[PDB]
Every structure is written in C-alpha cells, then in structure tokens.
DNA sequence: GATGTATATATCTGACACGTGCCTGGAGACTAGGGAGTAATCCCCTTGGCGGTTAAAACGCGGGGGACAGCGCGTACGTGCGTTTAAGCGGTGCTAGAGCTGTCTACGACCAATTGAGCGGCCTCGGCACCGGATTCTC
DNA sequence: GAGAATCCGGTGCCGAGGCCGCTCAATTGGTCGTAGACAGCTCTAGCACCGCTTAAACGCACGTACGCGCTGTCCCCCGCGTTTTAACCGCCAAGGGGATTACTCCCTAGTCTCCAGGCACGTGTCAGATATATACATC
C-alpha cells in the first residue's frame, strides 16, 4: 500500500510544500517581527527558507520515527515529536 | 527505598564523583598513545579541568538518555537507550 | 483567513513519507503547524536584522544564508 | 587494567545524579566505552596546541581551548 | 603583569549588594564569563564589518550584535541601557 | 566584477575525469563549499596566532589547523600533500 | 586627570576594552563610541546574573557566593538558560530534578 | 612564472593571499602558508568530485547534479563527520526504509 | 496474471560548454624595520617515592520488582471515490528599490609626556565547614 | 509512634578583603589622511492581478491493523553484611624545562610599474525529460 509511495518520494528531489502558501506564511510571520513594515523578498531567498524548512522537518520526522520504533509503536503520536526536541536541545 | 535519599543527597553536594588517580592514569595512558616516545607533562589544574568536563558530560548524557525509558513505559536504562540518545544528537 | 492551513493535511503526509514514517497519527496535523512556525521565527527575526542593518528593504538570499549559518544549520546551495 | 578505575559505584553515582531510578547491568561496559570515545577527542585536540607552542607541558588553557573548539564551553578554569 | 576582571566585578557586586562576599574561585568563573561574551559580540560584530564591505566598528554594529546574540527581554533591556550610557557619554 | 571559484573547480574536474560535465547549479554548491572551508581553517588558524601571542600566519599554523579541522585519514593525506606542494614551491 | 568610566557613568573599564578591541584584530578601524556601549552591555549582563545569584545566596542563609549559587541562578532563569546553554559551570552540580 | 604553476597547483594562490590580507586574520601573512592552503583545498575538492563523478557514472548520466553530491557525501564516512551539519539545496535524502 | 517494472525512442527543449573582448588585479623589484629564532639561565613547578589510615570498592544472597509475551476490544486511520477549491502558467504593467558614482568632513590613527589606577605581596578575622545535639515523620 | 530527617550550636581554620609599593599603561593633546555619510540618477526584478485550467485537496463511508490495558511468568537488580584494598595525606628530594632577556638578521609590507588572466557576453547543439509503447517480475 504505502510502500510504493515511500520509494517514489525518496527518489525525486522537488519541493513538496507549495510555493505560494509558504510565501504567504513567510510574509505573515515577517510583518510581526519588524513593527508593521512590509519587505520585498527576492525570488531566490524563499527557496532557501523552503529548503531549510524541508530539511529540518525531514530530519525531525526521521528522529521522531526512530523514537516510535523504540516503544513498540508504529504510529507516530504527538508525544513523540515533543520529545525529540528536548533531547536535541 | 534508599535511592530516594541518594538522589536527594547527590544532587545537593557538588563534589567529584570520580577518584583522582585512576582518572589521571587513564588520561596519561590515552596521552601516551598519541605522538609516541616522549612523555607529556600535565599541570595539576588541567586534569581537574578535564575531569570536571567529563563528569558534566556523563551526567548530562545519563539524564538525557533516561527520558527514553519513561517513554517506553520501562523504568530501567538499557544500552539501546544510550546508543539511541547518541544517535539523536550526532556526536 | 486560515493563514497556516496553507500547510495542508497531505503536505505533512508527503514530508512524513520522505522521512519514512508508515502511519501518521491524528493530532500531528495540529502539532507540526506549531513547530515549523517557531522555527521560521528563529530564522526570520534573525534574518530581518541583517537587512535592517544595511539600509535595505530587500531581504536577499545571502541574509537568510547568514542567519542559517548563525543558527548552526549551514545551507550551501544558494548565494 | 587502567580502565577499571571507573568502578561500578562510580558509574552508579554518576547515574543517580542524573535522576535514573533503576539501572541495568550492561551499562557498565558501554559507558566506559563512550567515556573513552569522549576523552580521545579531547586529548589530541588538546595536545596539538601543546605541539604548536613547543613545550612538553599541557597547560589548563590548552584543555579549555580544546573544549572550546569541541563545542562544550568550560568556564572557571581559565 | 597578567590582568583580569576581578576588581570591576567586585565593585559591581558591592554596588548592587551591601555586603555579599564572593569567593576567590567563583570570581574566576566571572572572568571566564566576561572574557567570553566579549569574545562573542566584539567577534561577531566584526563579521558585520565584512558582509557590508566596511572597515569600522561603530556603536550601530555593536547594537545589532547585541540584538542577535541575546534572547528577547534581556536584549531589549541591554539595548535600552547602552544608548542611555552613550547619550550621557556624548555630552561630556 | 563579482568573482567566484567556478573555473578552478571545472579545471580540477577535467583533470581527474575525462568528460564528466557539471551543471550550473551544483557548481554553485562547490562555491559555497570552498568559500566555507577557507572560512574555517584560515579563520581558526588565526585563533592560533592569538593564543601563542604572535602576529603572523606561517605554514605551521595552517598545518595545525588542518590537523584539527579534519578527521583522521583525510587529515593525514592532506598534510602529506601540502608539504609536498610547499617543497616544490621553495626551490622555485 | 579624568576617568573614562566616570564620563561613562559605568563601572567596567573603557580603555581596556578599547585596547583589546584594537589588539584583537577584529577590524582595522575602531569607532570611538563602540567600547563604551559594549562595556555597558557587559555591566548589565554581569549585574543581572549577580542580582539573580545573591537572592539564592541569601536563600541558603549564606553571604559568600559559591559556584553552586551561580549554577542555580543560571539554570532557574529562562532567558539566561537560553543564553548559557552549552556551558558547564565548574564545581556546579545539577538542579534538583526528579521524574 | 605564475605562483599557481610554480608550485604545480590548480587553485589560485594570489587570490587566497588577497583574501588572507583583507580578511582580518593576522597583522602579517607569511609566504609559505597560502600555497599550503590552496593545496589542501584542491585535495578536498578532488576528494568530493571523485565520489560525485563515480556516483553520476553509476546512474548512467553524463552530468553532475546535487542529488549525486548528496549521495556521495552521505555514503562516505569521513565527509559524514566533516559535513555533519550541512543541508544541501535540491538535496533529497538517502533511501532509508526500516521495519519493526 | 494483471499490475506494475524496466527499456527504446521521439523529439523537443533549453542549459551549457565554449570562443571572444576586455578591464584590472596579480607578478617583478626593493628597500626597512619590527618579529622572531637562537642562546643562556634560574627558578619553580612537577615527578617519584615512603609510609600509614581509612573510606571505599568487591563479593555472596535473596527477594521483591519489573520486563516481557500473549490477547481481546475497539477505535482511530488508510483507502476509494466524486467534488470543488485553490494553486500554477503566463502575461502585463510598472514602479519601488539596489547600487553606484562623486564629495567633503568629521573622525580616528599616530605620537610625545605624565601620572595614578590597578597589579603583586601580606595579614589578619569573620565566614564557614564539620562535629555533636535537640525536635519531627511516616508503616 | 520510634530509627530516620531537620535544625542548632560550638570550635578550629583558612581563605577574602583591607593595606602598601610601585610601574607601566592609560590619558591628554595636537596632526593629517581618509572612510564613510549623503544625494541623485539609473536599470531591474518583484509585486499585484487576472484568466484559465486542472491537479490536488476535501469530505465522507467504510473495513480493519494496531493501541492499549491486563495478566501470568520468570529472571534479575538492590540492599545488606563481611572482607579486602588502594586512594589519599603529608613529606622530601631533585631535576626538567618554563619563563625571561639579548641580539642579530631576515622576511614580510609598501609603493611603484607592467601585462596576462578571469569575468561578462553571446550561441550553436547535445543531454535529458517526459511521454508513449512494449518486453519481464511477481503475491
């Protein structure tokens, strides 16, 4: 079932989060930390944010899934993600 | 009981939990194997410095690795826990 | 109007399949939407500072590369 | 020997400081193992500084600088 | 002949506390504290003299280095105190 | 007017490989590789000009920085290759 | 005939920081207003951590600061724990932390 | 007569010496250092690109793409410890599958 | 055994390896002055050892405490499938914004005299560490 | 409902803070080159939007694969008491080399001058991308 889905996604390299929702999220979060000022992201830097966010989330879910196989689970509960951040610090 | 008193006692004082001369002989044995032939002088404060770093590192490692035994429902550590705790960080 | 639900219910599933997780639970969809948000603050607040210093309203790629290098997670591919 | 100086009650007190309630038995090997694979990466990263300034004596500042470069910053002993 | 920062920490401690003594070992910790933060900030602000292709270190670069190297509320109090020091330094 | 390290990586690739092409994006990675290692070593050896209270950077400090910044076998090959370059540089 | 810290209204020195910031080779040109600001920042940081340490010192019915008090004053406060994360204070010990 | 060709290198020597003068690293820069530095950088570049080219050859493609550098870094042991805190754009991951 | 699973080629599509012009940063030359490498020295910090004690570690033992294996109920999750909504292409406009080229000025290196702020050595005495004693707490 | 945990007091002891001598490094002051703030102009590349269109998400119905609590079993760390042992304290000798000073010398830095190399620009053309179609691998 899922096994044809993993081995297709660990082969390709393209982005998974779509570009426009991530751009709207970045323009939302950026305007709170600059005292209500807009900015103008270059069209290259949003790719850098998105690549760092994808790499961080993929490494995070790999470590969380390494935690899930320890306790006999296969399912990835929210107890698992909030514990793989306090260990890493 | 007993352990409930020992955790309260050892977390209060700030001593050295490892004896001096075995740790010093271990550090000298490791230092001999690199760039052989010559000996190496150690100042008496440097071995204390390295001992404080090693004790703080091992205490932080056990306190970090213990949280993967309450998570599995167990009470007791295992070498799987310590090796997984080093696997998470990247050391 | 949702503003964080642009991260969808299966985009988290695609990231978990890339990570190699067989079966996601439920409230993960409400958890990851927290964590990502926190991480973006510790880039963007760290990246809006450098572009504030050089009198530029444009947030270039080099600024995000420098902020990610300062956080510890070095990024290479852009510049 | 020269490794069995780190005895069983030594590692036991190192664990009881960390909040560990109940300890297994095989830990007393792996911890010694990881102790060695710590100290090596502090020793040679120290002694290169000792081989740079051409003296036969490892000062305390050399070990502080090796731990500085390693990641775990140490205070006090400077 | 080998200087340190013991006297100044002792003066600050006698300022913000009436008679609280400090041992000769813990004072050493304070040396390795404040020979360290000065290594970060006045190191890292030097990096901001290189990305913008400059050659000076003015107060503005140290201000941005304090905005980076400290968490939120402590950074806000520090940047509020530093310019308060500078303004009464300028009108000497 | 804004230099890079593309031509030299291309020459090394055509040296150790006959016709293996390299894309214009991955070459960019090589730029951010070797504008990075040079930031470490020639940064960190500068620190060894400060602990020993010196003011120069000779070959010996770069040699010790390579002994520090690299793992074992790669560091041994690098220190064996660098002095081999220096000795045929000296007798010019 | 007149001190730099006395114009600064501070307690940490100014000429020593300026001397280190020239001799450290951080930049080839040092602005004049910089080390006063930097010394004020260092004074506020040391004042904050000693102000947090002295309360725990009087909490243990003591008047002489030992490193355990600095360990507790670092680890109990949130923002200093964010700052001094990867630092092992010598002779320090750990927090009382059970279960 | 150039200092690159005099030492038998491929990386430049004058540019590295220019970046060590204007880099604020020490007050004086010797002459025996930057040739050593360029030699070490050339060895590391060849070390990466050999594995990258072999992994590109085994995928039956005559062009180097960042997935190939990702595979060559994460399959090598030494560069796993040298580059252990590095994300790579257009990267991907290793083919990691594990069961219970 | 139909559903993947690998391969032939279609062509088409654009990146890219390459060729040229060209501006400027790297090489040749050489003086000069501080950095330092070598030589000597003397003390000072470390190493080695005698010896005696005393906490501290090693070892049997048994007993409860916990880990592990099976198992039943069930519920929260994957999947199939129609819809409907939002994301991408791509095209236009089109203007704020990087940047970069002069200028002139405040400003910081650079340097001679000079003196007190801070560093080294010393000497208590109160703070504190330890040892012994009197007042609570759960099984 | 009494051995164990907490607070209290007394006494030695030893380092923390006050004090003096002093010296060298920070201050003051006058000089000059220049780094950078400041203004204005010019190309460019990012944002807003819109029409389409269509790929994917959304919502739901349902079957069922794990989550979890329970329980039985068996093994396995911890507390305890005895024996053994090496860590430590204090001393005493001695000596290897760490820190300091002198002195010459040499090697890198600055400035000038000359031109070969590395960068921006432009262009045919092969590498692959995706797409369709067809020969193997399999629960």
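Since chain H takes its numbers from Swiss-Prot, the residues it shows come out as 16-115.
According to its header, the structure was obtained by electron microscopy, 8.1 Å.
Heads up, the Cβ atoms here are built off N, Cα and C, so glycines get one too.
Taken straight from Swiss-Prot:
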{"type": "CROSSLNK", "residues": "H:16", "note": "ubiquitin cross-link"}
{"type": "MOD_RES", "residues": "H:37", "note": "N6-crotonyllysine"}
{"type": "MOD_RES", "residues": "H:37", "note": "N6-(2-hydroxyisobutyryl)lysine"}
{"type": "MOD_RES", "residues": "H:37", "note": "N6-(beta-hydroxybutyryl)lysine"}
{"type": "MOD_RES", "residues": "H:75", "note": "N6-(2-hydroxyisobutyryl)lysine"}
{"type": "MOD_RES", "residues": "H:76", "note": "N6-(2-hydroxyisobutyryl)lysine"}
{"type": "MOD_RES", "residues": "H:96", "note": "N6-succinyllysine"}
{"type": "MOD_RES", "residues": "H:96", "note": "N6-(2-hydroxyisobutyryl)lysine"}
{"type": "MOD_RES", "residues": "H:96", "note": "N6-(beta-hydroxybutyryl)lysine"}
{"type": "MOD_RES", "residues": "H:96", "note": "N6-glutaryllysine"}
{"type": "MOD_RES", "residues": "H:105", "note": "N5-methylglutamine"}
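Feature map: annotations from Swiss-Prot on the structure.
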{"residue": "H:16", "record": "ubiquitin cross-link", "DSSP (3 states)": "coil"}
{"residue": "H:37", "record": "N6-crotonyllysine", "DSSP (3 states)": "coil"}
{"residue": "H:75", "record": "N6-(2-hydroxyisobutyryl)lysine", "DSSP (3 states)": "coil"}
{"residue": "H:96", "record": "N6-succinyllysine", "DSSP (3 states)": "helix"}
{"residue": "H:105", "record": "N5-methylglutamine", "DSSP (3 states)": "coil"}
List of the recorded positions H:16, H:37, H:75, H:76, H:96, H:105 facing chain A, defined by a Cβ pair under 8 Å: H:105
Among H:37, H:75, H:76, H:96 [modified residues], residue with fewest other Cβ within 10 Å: H:75
By Cα-Cα distance, the member of recorded positions H:16, H:37, H:96, H:105 nearest residue H:75 (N6-(2-hydroxyisobutyryl)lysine): H:105
All-chain count of other Cβ atoms within 10 Å of residue H:105 (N5-methylglutamine): 19
The residue listed as 'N6-crotonyllysine' and residue H:16 (ubiquitin cross-link), Cα-Cα, nearest whole angstrom: 24
Whole-number Å value for how far residue H:96 (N6-succinyllysine) lies from the residue listed as 'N6-crotonyllysine' (Cα to Cα): 30
Members of the recorded positions set H:16, H:37, H:75, H:76, H:96, H:105 whose C-beta sits under 8 angstroms from chain C: H:105
Pairwise CA distance, residue H:76 (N6-(2-hydroxyisobutyryl)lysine) versus the residue listed as 'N5-methylglutamine', rounded so that it is a whole Å: 17
Distance, the residue listed as 'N5-methylglutamine' to residue H:96 (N6-succinyllysine) (CA atoms, angstrom): 21
Sites among the modified residues H:75, H:96, H:105 close to chain F [C-beta, under 8 Å]: H:96, H:105
